[PDB]
There are 2 protein chains.
Amino acid sequence: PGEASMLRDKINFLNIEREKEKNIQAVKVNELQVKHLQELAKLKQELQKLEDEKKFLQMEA
Amino acid sequence: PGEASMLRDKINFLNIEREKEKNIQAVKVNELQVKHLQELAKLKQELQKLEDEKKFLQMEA
């Protein structure tokens, strides 16, 4: 009976562990997505600055 | 003895499952990273087109 109850505890731990791992992966993906959104926004602002600079130089005729 | 061997099989399955999950997460992260690298490259090309357009309009003096 003893071996089985030690095995049932291990299964319980593994079930919690899968959920804790799933949280760690969600945090990792979130950081990646936030990092990429900030770099995309940074580049988009730089494009608008240039578009408006070009628009102004074109409006020098 | 029977309960224990059924529990040991479940543990074996869970050990493989954690690795299969880890593969699925790696694929998901890879697709995200490739998607972001392509969008970053797309925006960087558009910035160089504008920088060179501006450089040319500035070299109209």
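Reconstructed Cβ throughout: ideal geometry from the backbone, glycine too, with neighbour counts over all protein chains shown. Computed from the coordinates by the stated procedures, all read-outs in this text should not be read as laboratory data.
Numbers at a glance
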| quantity | calculated |
| --- | --- |
| Protection-proxy order for peptides A:43-55, B:16-28, each taking the mean of Cβ atoms within 10 Å per residue, highest first | A:43-55, B:16-28 |
| 25 Å tail of the calculated P(r), the protein assembly as shown, as % of Cα pairs | 56 percent |
| Nearest-ten-degree value, helix B:2-58 long axis tilted from longest Cα axis of chain B | 0 degrees |
| Of A:35/B:28; A:28/B:20; A:55/B:35; A:28/B:35; A:44/B:28, those spanning more than 21 Å from alpha-carbon to alpha-carbon | A:55/B:35; A:44/B:28 |
| Kirkwood-type radius of chain A, with distances r between different C-alpha atoms, in Å | 16.3 Å |
| Within segment A:1-29, backbone nitrogen closer than 18 Å to the virtual label 7 Å beyond the Cα of residue B:21 toward Cβ | A:8-29 |
